[PDB]
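Visitor: Please find one structure pasted underneath; my questions will follow.
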Amino acid sequence: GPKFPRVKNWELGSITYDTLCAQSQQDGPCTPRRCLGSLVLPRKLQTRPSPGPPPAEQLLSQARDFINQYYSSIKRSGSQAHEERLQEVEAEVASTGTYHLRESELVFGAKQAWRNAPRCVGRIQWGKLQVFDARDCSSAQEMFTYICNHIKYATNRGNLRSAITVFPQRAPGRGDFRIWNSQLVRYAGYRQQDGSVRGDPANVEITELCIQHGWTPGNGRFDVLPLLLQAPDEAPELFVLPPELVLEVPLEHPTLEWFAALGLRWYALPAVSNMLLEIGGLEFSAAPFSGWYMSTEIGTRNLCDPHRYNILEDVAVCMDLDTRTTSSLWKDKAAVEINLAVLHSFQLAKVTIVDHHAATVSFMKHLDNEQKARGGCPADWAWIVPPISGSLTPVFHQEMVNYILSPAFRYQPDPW
Amino acid sequence: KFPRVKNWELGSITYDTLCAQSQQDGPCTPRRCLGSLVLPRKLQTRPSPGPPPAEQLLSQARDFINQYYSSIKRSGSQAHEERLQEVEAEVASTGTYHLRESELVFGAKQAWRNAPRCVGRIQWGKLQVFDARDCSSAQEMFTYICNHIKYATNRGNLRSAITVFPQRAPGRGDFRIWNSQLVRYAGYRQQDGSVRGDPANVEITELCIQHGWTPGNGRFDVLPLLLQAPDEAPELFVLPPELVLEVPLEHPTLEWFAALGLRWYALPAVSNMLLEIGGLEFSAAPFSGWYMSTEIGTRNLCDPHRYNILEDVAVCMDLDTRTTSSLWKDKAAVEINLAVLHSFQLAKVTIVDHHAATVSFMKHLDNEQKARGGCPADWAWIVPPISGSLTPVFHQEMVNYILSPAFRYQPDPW
Ligand code: HEM
Ligand code: HEM
Ligand SMILES: N=C(NO)Nc1ccc(Cl)cc1
Ligand SMILES: N=C(NO)Nc1ccc(Cl)cc1
Ligand SMILES: N=C(NO)Nc1ccc(Cl)cc1
Ligand SMILES: N=C(NO)Nc1ccc(Cl)cc1
Ligand SMILES: [Zn+2]
C-alpha cells in the first residue's frame with residue numbers, strides 16, 4: 001500500500017499512515033540494526049555549544065525551510081512577500097553571518113516547537129501559547145523581571161495559562177543568555193552527612209551551585225531555590241523569587257485524614273528553563289516555557305520515584321499495608337492514593353491540573369486533528385503513556401511514529 | 001556503533017556490544033523510530049514454496065552451529081568441523097538440512113533468551129524441550145499438545161516447556177496450530193454487534209464453529225483446537241476438561257468479587273509464533289511458562305477490547321465513576337490484580353507479580369551483560385501495563401535488536 005509507516009490502534013482496529021515523517025530533516029538515534037528509542041538523552045539533537053559561527057550554507061537552508069513553513073502557514077507560499085522575505089534572510093546572513101526573525105515569525109515558530117515535541121502529551125493545547133518576546137533583554141537583572149512577569153501571567157492565581165518567554169538568540173562567538181536552573185521553581189536538595197539527601201535529590205548540583213554563588217541555604221524538604229541567571233560573557237547572578245509569586249499547593253487526601261499531616265506539597269507552575277528553542281537555524285538558549293501539570297508528574301514521578309522524594313514506603317506504612325512482600329501490591333495501592341491526593345488538593349485550591357485519563361484522551365483527539373492537518377504526529381510512546389495505569393489509557397493501544405521536526409525544543413549542555 | 005546505556009535510578013552505565021552481532025533489520029531508520037509498532041510491516045515470514053538461497057541458508061546454519069559448539073566449549077574441535085561439513089553437504093544436495101536434538105534444545109533456549117519483549121527471561125535456561133518433529137498428522141499433533149499441557153501444568157506447579165513440530169519445507173504446506181494459544185475462551189458475536197466471552201477470539205471461535213464445533217453460550221467456554229497437517233484442512237479436537245486447569249477469581253477482602261464469576265486458565269501457551277533456528281523454520285512450536293499477574297488482571301480482564309470489567313468492579317466498589325479525576329479506573333484495576341494474585345496463590349498455581357518479575361529481569365540484564373555484553377530488550381513491553389515507574393525496568397534504558405535463534409510472527413493460515 002502507501003509507502004509510509006502504517007499506524008494501528010489496537011483498541012479500535014483503525015489504521016492510518018504517517019506521511020508527515022517525510023518532512024523530518026534531522027536523524028534520530030535508531031537504525032535498521034537496533035532501536036534506541038528508549039534512551040532519554042541520545043546524542044542526536046543534543047545542541048552542544050558550537051562557538052564558532054555556523055556554516056552560512058547550513059544555516060541558510062534551515063532558514064529557508066522555516067520561512068517556507070511560515071508562509072505556508074499564512075497561505076501565501078510563492079507570493080511576492082515570501083520571495084522577498086527569503087531574499088532578506090539570505091542577504092542578512094550574507095553580511096552578518098546570521099539573521100533575525102520577525103515578531104509573527106517568532107510566535108509561529110514557538111508554537112510549532114511545542115506542536116513538534118514528540119514527548120509532550122498536552123499538545124492539544126499547542127495553538128494556545130502566549131509568546132513573550134524578550135529579545136531586547138540586555139542584563140541578568142532584566143531577565144529576572146521578564147521571568148517574574150512570566151510567572152505572574154502564567155500562574156494567574158491558579159487559572160494557569162501556557163506561556164513562553166524568549167530571550168536573545170545565540171550570537172557569533174558571543175556569550176549565551178542562560179537560565180542555570182532546570183525549572184523556574186525547584187526545591188533544594190541538601191546533601192547529608194550520612195550520604196542521604198534532604199529535599200529533592202534531583203536538585204543536588206544546582207543547589208550546591210546556588211550556595212557557591214552566595215545563597216544562604218535553608219534546611220527544609222521544600223525550600224524554593226533562587227534563580228541563577230546568566231547574561232552574555234558575565235558570571236551568573238543570583239535572584240530570589242518573591243514568595244507571593246510562587247504558588248504552592250499543600251497536599252491532602254479526600255478520605256485519608258492523616259495524609260495532610262505528612263506535610264507534603266508541590267508548586268503549581270511547571271516552567272522548564274534549560275532547554276534550547278531552535279527555529280530556522282537560530283538558537284534561543286534561554287526561552288523558558290510553561291503549561292500546567294498532569295497529576296502523574298507530581299504524584300507518581302516527583303513523589304514516588306526511587307531517586308526523588310521516594311515517599312511510597314511511608315504512605316504504604318500509614319495505610320498499614322504489607323510492605324514486606326511484593327504481591328500485596330502495596331506500592332500500587334499507595335501510588336494510587338498519592339496521585340488522588342494531588343488531584344484532590346489542586347482541585348481544592350482551584351489550581352489547574354489534569355489527570356492522566358483526561359490528558360491521554362485529549363491527546364487522542366490531538367492525534368486525529370493532526371492526522372488531518374499534517375498527515376501524522378511525531379510521538380514517543382514511552383513518554384506519552386503515563387507512569388501508572390498505562391494500559392488503562394487510550395494511548396497505550398495506539399502505535400506511534402517518532403521523528404524530529406523543526407522548529408523544536410532540544411536539550412543543551414549545562415553552562416557550568 | 002556501541003550504545004551507552006544508562007539506568008536513571010542508580011546512575012550506572014553499561015555499553016551494549018552484543019547488538020553488533022545482529023544480522024536482521026528492525027523497522028527503524030535514522031529518519032523515524034517505529035519501536036511502538038506491534039507487528040512488522042515487512043519483517044514477516046513469507047511463503048516457503050521455493051528453497052531458500054543456499055548461500056543465505058548456509059551462512060545462517062554455520063553461524064548457528066558455531067554458536068552451539070561454543071555453548072558446549074568444543075569450538076574448533078573435530079566434531080565442530082565435521083558437523084559443519086555435514087550441514088554443508090545436506091544444503092548443497094537438498095537445499096536444506098536438519099538439526100540434531102541437542103542442537104534443537106540449545107536453539108529453543110536461545111530463541112527465548114533472545115526474545116526482546118519477554119520479561120521472564122531469567123528462567124531461559126530452564127525449558128523442557130519436546131521433539132515432535134516425527135509427527136505426520138493432526139491427530140498426532142493433538143497427542144503431543146496434550147502431553148505438553150499435562151507436563152507444563154504439573155497440577156499447578158507450572159514448568160516451562162516447548163514442543164517442536166516438523167519444520168517448514170519448500171513447496172509444501174506448513175504444520176500449524178490455528179489457535180493463538182492452546183487455551184482460549186470463546187468469543188460469540190450476538191444481536192447488536194456485542195460479544196459474550198473474549199472479544200479477542202471472535203474469529204477463531206467462528207472458524208471452530210464452521211469446522212463442526214458445537215458452541216456454548218458462556219463467558220468462559222474453553223475453545224477446541226484446530227490443528228493442521230500439511231496441505232490438509234484443519235481438524236477439530238476437544239481438549240479433555242481435566243487437562244485444562246482454571247482458577248476461580250476471588251478477592252482477599254471484598255466478599256462480592258467472587259459473585260462476578262470471573263476466572264482464568266493457569267497455562268499461557270502461545271502457539272501461533274514461528275521458531276527460527278539456523279535458518280530452519282518451525283511453523284508450529286507451542287511454548288509455555290507461567291503468567292505474570294498483570295497479563296490477566298490488567299490486560300485480559302481490563303482492556304477495553306477484552307473482557308472490559310473495570311466499570312463493573314468500580315460500581316461494585318461503589319466508586320465515583322462520574323469523573324476521571326476520582327481515579328476509579330486505577331483503584332479497580334489494582335484490586336483486580338490483587339484478586340488474580342490472591343486466587344492463584346490460594347489455588348496453589350504458579351504466578352508472578354509485576355514487581356517480582358521486573359526485579360528478576362534486572363538481575364537477568366546484569367547476568368547477560370557479563371555473559372554476552374548486552375541484552376536485547378523492548379522497553380514498551382518489558383515495562384508492565386500498570387505501575388510502570390514503580391518498577392526498576394522503567395528507569396533502565398534498553399537497546400532493542402534481533403538476534404537469532406528467534407521467535408517471530410507469521411501469517412494466519414487462512
Ligand atoms: C498545557 C499543559 C501541558 C501538559 C499537561 C504537558 C505535559 C507534559 C508531560 C507529561 C510531559 C512529559 C514529562 C516527563 O515525562 O518528563 C511533557 C513533555 C514535554 N512538553 Fe509538555 N505539557 C504541557 C505544556 C507544554 C508547553 C507550554 C510546552 C512548550 C511550549 C511543552 C513542551 C514540552 C516538551 C519540549 C516536552 C519534552 C521534554 C523532554 O524532551 O524530556 N509542554 N509535557
Ligand atoms: C516463565 C514465565 C514467563 C513469564 C512470566 C513471561 C512473561 C512474558 C510477558 C509478560 C510477555 C509480554 C506479553 C505482552 O506484552 O502481553 C512475554 C513475551 C514473550 N515471551 Fe515470555 N514469559 C515467560 C516464559 C516464556 C517462555 C517459556 C517462552 C518461550 C520459550 C517465552 C517467550 C516469549 C516471547 C517469544 C515473547 C514475545 C512476544 C512478542 O514478541 O509479541 N516466554 N513473556
Ligand atoms: N506539564 C509540564 N509542562 O507544562 N511538564 C513538563 C516537564 C518537563 C519538561 Cl522537560 C517539559 C514539560
Ligand atoms: N506495551 C505493550 N505490552 O504488551 N504493548 C503494546 C500495545 C499496543 C501498542 Cl500500540 C504498543 C505496545
Ligand atoms: N506468560 C506468558 N508466557 O509464558 N505470556 C505471553 C503472552 C504472549 C506472548 Cl506472544 C508470549 C508470552
Ligand atoms: N517514559 C518516561 N517518561 O517520563 N521516561 C523514561 C525514564 C527512563 C527511561 Cl530509561 C526511559 C524513559
Ligand atoms: Zn527505534
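Chain labels A, B, ... are given in the sequence in which chains occur in the C-alpha cells; within each chain residues are numbered consecutively from 1, and ligands are likewise numbered from 1 in the order shown.
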Do you know which residues are at most 6 Å from segment 221-236 of chain B counting only C-alpha atoms, after dropping those on the same chain fewer than 5 positions away, and could you put them as an NGL selection string?
Guide: :B and (137-138 or 173-178 or 184-186)
Visitor: Kindly work out which residues sit at most 9 Å from ligand 6, using only C-alpha atoms and all ligand atoms, and give the list as a PDB file with N, CA, C and O atoms, in the first residue's frame.
Guide:
ATOM      1  N   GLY A  37      15.120   3.906  20.821  1.00  0.00           N
ATOM      2  CA  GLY A  37      14.013   4.751  21.232  1.00  0.00           C
ATOM      3  C   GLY A  37      13.846   4.983  22.723  1.00  0.00           C
ATOM      4  O   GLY A  37      13.308   6.009  23.129  1.00  0.00           O
ATOM      5  N   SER A  38      14.305   4.046  23.541  1.00  0.00           N
ATOM      6  CA  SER A  38      14.171   4.165  24.991  1.00  0.00           C
ATOM      7  C   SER A  38      15.153   5.128  25.654  1.00  0.00           C
ATOM      8  O   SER A  38      14.932   5.564  26.783  1.00  0.00           O
ATOM      9  N   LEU A  39      16.245   5.453  24.974  1.00  0.00           N
ATOM     10  CA  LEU A  39      17.221   6.360  25.562  1.00  0.00           C
ATOM     11  C   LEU A  39      16.647   7.751  25.811  1.00  0.00           C
ATOM     12  O   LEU A  39      15.992   8.336  24.946  1.00  0.00           O
ATOM     13  N   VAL A  40      16.892   8.261  27.014  1.00  0.00           N
ATOM     14  CA  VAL A  40      16.411   9.572  27.431  1.00  0.00           C
ATOM     15  C   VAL A  40      17.144  10.712  26.739  1.00  0.00           C
ATOM     16  O   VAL A  40      16.515  11.641  26.238  1.00  0.00           O
ATOM     17  N   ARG A 119       7.464  14.004  22.891  1.00  0.00           N
ATOM     18  CA  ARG A 119       7.210  13.530  24.242  1.00  0.00           C
ATOM     19  C   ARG A 119       6.126  14.260  25.024  1.00  0.00           C
ATOM     20  O   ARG A 119       5.823  13.855  26.153  1.00  0.00           O
ATOM     21  N   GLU A 297       2.844  13.468  37.003  1.00  0.00           N
ATOM     22  CA  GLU A 297       4.175  14.069  37.046  1.00  0.00           C
ATOM     23  C   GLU A 297       4.538  14.332  38.508  1.00  0.00           C
ATOM     24  O   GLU A 297       5.676  14.140  38.922  1.00  0.00           O
ATOM     25  N   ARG A 301       5.868  10.416  39.572  1.00  0.00           N
ATOM     26  CA  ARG A 301       7.303  10.640  39.352  1.00  0.00           C
ATOM     27  C   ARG A 301       8.056  11.417  40.433  1.00  0.00           C
ATOM     28  O   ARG A 301       8.934  10.859  41.089  1.00  0.00           O
ATOM     29  N   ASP A 380       6.411   9.912  21.042  1.00  0.00           N
ATOM     30  CA  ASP A 380       7.278   8.971  21.736  1.00  0.00           C
ATOM     31  C   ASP A 380       6.430   8.157  22.704  1.00  0.00           C
ATOM     32  O   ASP A 380       6.121   8.615  23.802  1.00  0.00           O
ATOM     33  N   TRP A 381       6.069   6.946  22.293  1.00  0.00           N
ATOM     34  CA  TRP A 381       5.221   6.062  23.095  1.00  0.00           C
ATOM     35  C   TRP A 381       5.614   5.964  24.570  1.00  0.00           C
ATOM     36  O   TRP A 381       4.771   6.137  25.462  1.00  0.00           O
ATOM     37  N   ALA A 382       6.887   5.684  24.822  1.00  0.00           N
ATOM     38  CA  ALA A 382       7.394   5.538  26.184  1.00  0.00           C
ATOM     39  C   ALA A 382       7.171   6.775  27.056  1.00  0.00           C
ATOM     40  O   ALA A 382       7.148   6.684  28.289  1.00  0.00           O
ATOM     41  N   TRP A 383       7.014   7.932  26.423  1.00  0.00           N
ATOM     42  CA  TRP A 383       6.795   9.166  27.169  1.00  0.00           C
ATOM     43  C   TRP A 383       5.343   9.634  27.174  1.00  0.00           C
ATOM     44  O   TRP A 383       4.939  10.384  28.063  1.00  0.00           O
ATOM     45  N   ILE A 384       4.565   9.190  26.193  1.00  0.00           N
ATOM     46  CA  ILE A 384       3.160   9.575  26.099  1.00  0.00           C
ATOM     47  C   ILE A 384       2.290   8.737  27.034  1.00  0.00           C
ATOM     48  O   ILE A 384       1.321   9.244  27.602  1.00  0.00           O
ATOM     49  N   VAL A 385       2.622   7.458  27.186  1.00  0.00           N
ATOM     50  CA  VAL A 385       1.871   6.595  28.094  1.00  0.00           C
ATOM     51  C   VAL A 385       2.292   7.025  29.498  1.00  0.00           C
ATOM     52  O   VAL A 385       3.479   7.201  29.760  1.00  0.00           O
ATOM     53  N   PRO A 386       1.327   7.210  30.409  1.00  0.00           N
ATOM     54  CA  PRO A 386       1.567   7.633  31.794  1.00  0.00           C
ATOM     55  C   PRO A 386       2.337   6.610  32.627  1.00  0.00           C
ATOM     56  O   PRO A 386       2.348   5.423  32.313  1.00  0.00           O
ATOM     57  N   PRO A 387       2.981   7.067  33.715  1.00  0.00           N
ATOM     58  CA  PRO A 387       3.768   6.217  34.612  1.00  0.00           C
ATOM     59  C   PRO A 387       2.979   5.218  35.453  1.00  0.00           C
ATOM     60  O   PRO A 387       3.571   4.341  36.070  1.00  0.00           O
TER      61      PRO A 387
ATOM     62  N   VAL B   5      24.403   2.780  27.567  1.00  0.00           N
ATOM     63  CA  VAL B   5      23.112   2.515  28.204  1.00  0.00           C
ATOM     64  C   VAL B   5      23.116   2.905  29.678  1.00  0.00           C
ATOM     65  O   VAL B   5      23.899   2.376  30.472  1.00  0.00           O
ATOM     66  N   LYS B   6      22.220   3.815  30.047  1.00  0.00           N
ATOM     67  CA  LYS B   6      22.150   4.285  31.421  1.00  0.00           C
ATOM     68  C   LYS B   6      20.895   3.900  32.206  1.00  0.00           C
ATOM     69  O   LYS B   6      19.804   3.798  31.655  1.00  0.00           O
ATOM     70  N   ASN B   7      21.081   3.663  33.501  1.00  0.00           N
ATOM     71  CA  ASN B   7      19.974   3.370  34.401  1.00  0.00           C
ATOM     72  C   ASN B   7      19.820   4.686  35.169  1.00  0.00           C
ATOM     73  O   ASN B   7      20.723   5.096  35.899  1.00  0.00           O
ATOM     74  N   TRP B   8      18.686   5.353  34.996  1.00  0.00           N
ATOM     75  CA  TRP B   8      18.482   6.633  35.652  1.00  0.00           C
ATOM     76  C   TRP B   8      18.184   6.609  37.143  1.00  0.00           C
ATOM     77  O   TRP B   8      18.251   7.646  37.795  1.00  0.00           O
ATOM     78  N   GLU B   9      17.854   5.442  37.686  1.00  0.00           N
ATOM     79  CA  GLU B   9      17.582   5.348  39.112  1.00  0.00           C
ATOM     80  C   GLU B   9      18.911   5.288  39.867  1.00  0.00           C
ATOM     81  O   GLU B   9      19.151   6.047  40.811  1.00  0.00           O
ATOM     82  N   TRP B 379      11.671  -1.919  25.757  1.00  0.00           N
ATOM     83  CA  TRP B 379      11.162  -1.119  26.871  1.00  0.00           C
ATOM     84  C   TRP B 379       9.638  -1.106  27.004  1.00  0.00           C
ATOM     85  O   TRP B 379       9.102  -1.326  28.087  1.00  0.00           O
ATOM     86  N   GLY B 388       4.011   1.407  35.908  1.00  0.00           N
ATOM     87  CA  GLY B 388       5.278   1.444  35.203  1.00  0.00           C
ATOM     88  C   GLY B 388       6.481   1.964  35.978  1.00  0.00           C
ATOM     89  O   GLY B 388       7.417   1.218  36.242  1.00  0.00           O
ATOM     90  N   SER B 389       6.461   3.238  36.358  1.00  0.00           N
ATOM     91  CA  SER B 389       7.609   3.810  37.054  1.00  0.00           C
ATOM     92  C   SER B 389       7.843   3.274  38.462  1.00  0.00           C
ATOM     93  O   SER B 389       8.868   3.568  39.079  1.00  0.00           O
ATOM     94  N   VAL B 393      12.604  -1.546  35.904  1.00  0.00           N
ATOM     95  CA  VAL B 393      12.813  -1.601  34.455  1.00  0.00           C
ATOM     96  C   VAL B 393      12.426  -0.295  33.764  1.00  0.00           C
ATOM     97  O   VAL B 393      12.949   0.043  32.698  1.00  0.00           O
ATOM     98  N   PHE B 394      11.514   0.448  34.374  1.00  0.00           N
ATOM     99  CA  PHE B 394      11.079   1.721  33.803  1.00  0.00           C
ATOM    100  C   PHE B 394      12.246   2.701  33.690  1.00  0.00           C
ATOM    101  O   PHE B 394      12.339   3.464  32.733  1.00  0.00           O
ATOM    102  N   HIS B 395      13.134   2.668  34.675  1.00  0.00           N
ATOM    103  CA  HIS B 395      14.262   3.592  34.741  1.00  0.00           C
ATOM    104  C   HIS B 395      15.546   3.094  34.088  1.00  0.00           C
ATOM    105  O   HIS B 395      16.599   3.737  34.194  1.00  0.00           O
ATOM    106  N   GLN B 396      15.448   1.950  33.420  1.00  0.00           N
ATOM    107  CA  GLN B 396      16.579   1.330  32.740  1.00  0.00           C
ATOM    108  C   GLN B 396      16.475   1.504  31.230  1.00  0.00           C
ATOM    109  O   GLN B 396      15.498   1.069  30.624  1.00  0.00           O
ATOM    110  N   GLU B 397      17.469   2.139  30.618  1.00  0.00           N
ATOM    111  CA  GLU B 397      17.440   2.294  29.171  1.00  0.00           C
ATOM    112  C   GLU B 397      17.719   0.918  28.578  1.00  0.00           C
ATOM    113  O   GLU B 397      18.417   0.081  29.180  1.00  0.00           O
ATOM    114  N   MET B 398      17.162   0.671  27.403  1.00  0.00           N
ATOM    115  CA  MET B 398      17.344  -0.617  26.766  1.00  0.00           C
ATOM    116  C   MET B 398      17.667  -0.447  25.295  1.00  0.00           C
ATOM    117  O   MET B 398      17.323   0.569  24.686  1.00  0.00           O
TER     118      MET B 398
END
Visitor: Enumerate residues in contact with ligand 7: an atom-to-atom distance of at most 12 Å, counting only C-alpha atoms and all ligand atoms. Format the result as an MDAnalysis selection string.
Guide: (chainID A and resid 27:39 42 379:382 400:403) or (chainID B and resid 25:37 377:380 398:401)
Visitor: Output N, CA and C atoms of each residue in that selection to a file, as a compact mmCIF listing (two decimals), in the first residue's frame.
Guide:
# COMPACT_ATOMS: atom_id res chain seq x y z
N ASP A 27 18.19 13.38 11.69
CA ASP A 27 18.17 11.97 12.08
C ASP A 27 18.03 11.75 13.58
N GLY A 28 17.36 10.66 13.93
CA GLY A 28 17.19 10.30 15.32
C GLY A 28 18.29 9.31 15.66
N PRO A 29 18.16 8.54 16.75
CA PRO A 29 19.20 7.57 17.13
C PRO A 29 19.04 6.13 16.64
N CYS A 30 17.91 5.79 16.03
CA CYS A 30 17.69 4.42 15.57
C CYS A 30 18.26 4.12 14.20
N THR A 31 18.48 2.83 13.95
CA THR A 31 18.97 2.33 12.67
C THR A 31 18.32 0.97 12.45
N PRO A 32 18.30 0.48 11.20
CA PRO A 32 17.69 -0.82 10.92
C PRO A 32 18.27 -1.94 11.80
N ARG A 33 19.48 -1.74 12.29
CA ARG A 33 20.13 -2.74 13.13
C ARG A 33 19.64 -2.77 14.57
N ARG A 34 19.36 -1.60 15.15
CA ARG A 34 18.87 -1.57 16.52
C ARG A 34 18.10 -0.30 16.86
N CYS A 35 17.09 -0.47 17.72
CA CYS A 35 16.25 0.63 18.16
C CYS A 35 16.78 1.23 19.46
N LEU A 36 16.97 2.55 19.46
CA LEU A 36 17.45 3.26 20.64
C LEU A 36 16.37 4.21 21.15
N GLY A 37 15.12 3.91 20.82
CA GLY A 37 14.01 4.75 21.23
C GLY A 37 13.85 4.98 22.72
N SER A 38 14.31 4.05 23.54
CA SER A 38 14.17 4.17 24.99
C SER A 38 15.15 5.13 25.65
N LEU A 39 16.24 5.45 24.97
CA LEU A 39 17.22 6.36 25.56
C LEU A 39 16.65 7.75 25.81
N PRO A 42 19.72 10.68 23.88
CA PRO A 42 20.60 10.13 22.84
C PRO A 42 21.37 11.26 22.17
N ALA A 379 5.38 11.13 17.85
CA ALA A 379 5.10 10.83 19.25
C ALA A 379 5.97 9.72 19.80
N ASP A 380 6.41 9.91 21.04
CA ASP A 380 7.28 8.97 21.74
C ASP A 380 6.43 8.16 22.70
N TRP A 381 6.07 6.95 22.29
CA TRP A 381 5.22 6.06 23.09
C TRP A 381 5.61 5.96 24.57
N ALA A 382 6.89 5.68 24.82
CA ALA A 382 7.39 5.54 26.18
C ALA A 382 7.17 6.78 27.06
N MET A 400 2.69 4.51 17.53
CA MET A 400 3.13 5.86 17.23
C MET A 400 4.42 5.85 16.43
N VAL A 401 4.64 6.92 15.68
CA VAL A 401 5.84 7.08 14.87
C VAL A 401 6.60 8.26 15.46
N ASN A 402 7.87 8.05 15.75
CA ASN A 402 8.68 9.10 16.35
C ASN A 402 9.76 9.62 15.40
N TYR A 403 9.85 10.94 15.29
CA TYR A 403 10.82 11.60 14.41
C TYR A 403 10.98 13.06 14.80
N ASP B 25 17.48 -6.84 10.23
CA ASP B 25 16.99 -5.48 10.38
C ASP B 25 15.64 -5.29 11.05
N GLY B 26 15.55 -4.27 11.89
CA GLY B 26 14.32 -3.93 12.57
C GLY B 26 13.57 -2.94 11.70
N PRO B 27 12.49 -2.32 12.20
CA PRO B 27 11.70 -1.35 11.42
C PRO B 27 12.15 0.12 11.48
N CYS B 28 13.10 0.42 12.35
CA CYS B 28 13.57 1.79 12.50
C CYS B 28 14.65 2.19 11.49
N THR B 29 14.82 3.50 11.35
CA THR B 29 15.81 4.11 10.47
C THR B 29 16.16 5.42 11.16
N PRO B 30 17.25 6.08 10.72
CA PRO B 30 17.65 7.35 11.34
C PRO B 30 16.58 8.45 11.20
N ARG B 31 15.68 8.27 10.23
CA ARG B 31 14.61 9.23 9.97
C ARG B 31 13.46 9.12 10.97
N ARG B 32 13.06 7.90 11.31
CA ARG B 32 11.98 7.71 12.26
C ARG B 32 12.00 6.36 12.97
N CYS B 33 11.65 6.39 14.25
CA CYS B 33 11.60 5.21 15.09
C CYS B 33 10.20 4.60 15.07
N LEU B 34 10.11 3.30 14.83
CA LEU B 34 8.83 2.58 14.79
C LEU B 34 8.79 1.51 15.89
N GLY B 35 9.54 1.74 16.96
CA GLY B 35 9.59 0.78 18.06
C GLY B 35 8.25 0.43 18.69
N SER B 36 7.27 1.32 18.59
CA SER B 36 5.98 1.06 19.20
C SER B 36 5.07 0.16 18.38
N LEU B 37 5.43 -0.09 17.12
CA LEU B 37 4.61 -0.96 16.28
C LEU B 37 4.66 -2.41 16.77
N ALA B 377 16.29 -5.80 24.48
CA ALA B 377 15.08 -5.63 25.28
C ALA B 377 14.21 -4.51 24.73
N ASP B 378 12.91 -4.73 24.77
CA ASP B 378 11.93 -3.78 24.25
C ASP B 378 11.21 -3.12 25.42
N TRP B 379 11.67 -1.92 25.76
CA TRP B 379 11.16 -1.12 26.87
C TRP B 379 9.64 -1.11 27.00
N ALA B 380 8.95 -0.84 25.90
CA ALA B 380 7.49 -0.76 25.91
C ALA B 380 6.80 -2.03 26.39
N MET B 398 17.16 0.67 27.40
CA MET B 398 17.34 -0.62 26.77
C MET B 398 17.67 -0.45 25.29
N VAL B 399 18.34 -1.45 24.74
CA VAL B 399 18.72 -1.45 23.33
C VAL B 399 17.95 -2.63 22.73
N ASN B 400 17.23 -2.38 21.65
CA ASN B 400 16.44 -3.44 21.03
C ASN B 400 16.96 -3.81 19.66
N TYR B 401 17.12 -5.11 19.44
CA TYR B 401 17.61 -5.62 18.17
C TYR B 401 17.28 -7.09 18.05
Visitor: Step one, run DSSP on the backbone; step two, keep only residues of segment 238-381 of chain A assigned to helix (DSSP H, G or I); then write them as a PyMOL selection string.
Guide: chain A and resi 243-245+259-262+295-304+312-318+326-328+330-348+356-374+381
Visitor: List the neighbours of residue 141 of chain A out to 10 Å using only C-alpha atoms; skip same-chain residues closer than 5 positions along the sequence, and give me the result as a compact mmCIF listing (two decimals) with N, CA and C atoms, in the first residue's frame.
Guide:
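Below is the file that was written, around-v7.txt:
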# COMPACT_ATOMS: atom_id res chain seq x y z
N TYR A 146 11.62 39.87 33.45
CA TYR A 146 10.88 39.12 32.42
C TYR A 146 10.35 37.80 32.98
N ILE A 147 11.17 37.10 33.77
CA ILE A 147 10.78 35.82 34.36
C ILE A 147 9.68 36.00 35.41
N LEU A 229 20.77 33.36 36.97
CA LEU A 229 20.57 33.88 35.62
C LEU A 229 21.88 34.40 35.04
N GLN A 230 22.13 34.08 33.77
CA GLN A 230 23.38 34.48 33.14
C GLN A 230 23.27 35.23 31.81
N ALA A 231 23.77 36.46 31.80
CA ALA A 231 23.78 37.28 30.60
C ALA A 231 25.10 36.98 29.87
N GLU A 237 24.23 35.60 37.97
CA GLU A 237 23.83 36.40 39.12
C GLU A 237 22.72 35.65 39.83
N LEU A 238 22.65 35.79 41.15
CA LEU A 238 21.65 35.10 41.95
C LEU A 238 20.42 35.97 42.23
N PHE A 239 19.24 35.39 42.04
CA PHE A 239 17.99 36.12 42.29
C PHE A 239 17.00 35.25 43.03
Visitor: Point out the residue among A:339, A:362, A:371, A:328 with the least atom-to-atom distance to residue 327 of chain B, counting only C-alpha atoms.
Guide: A:339
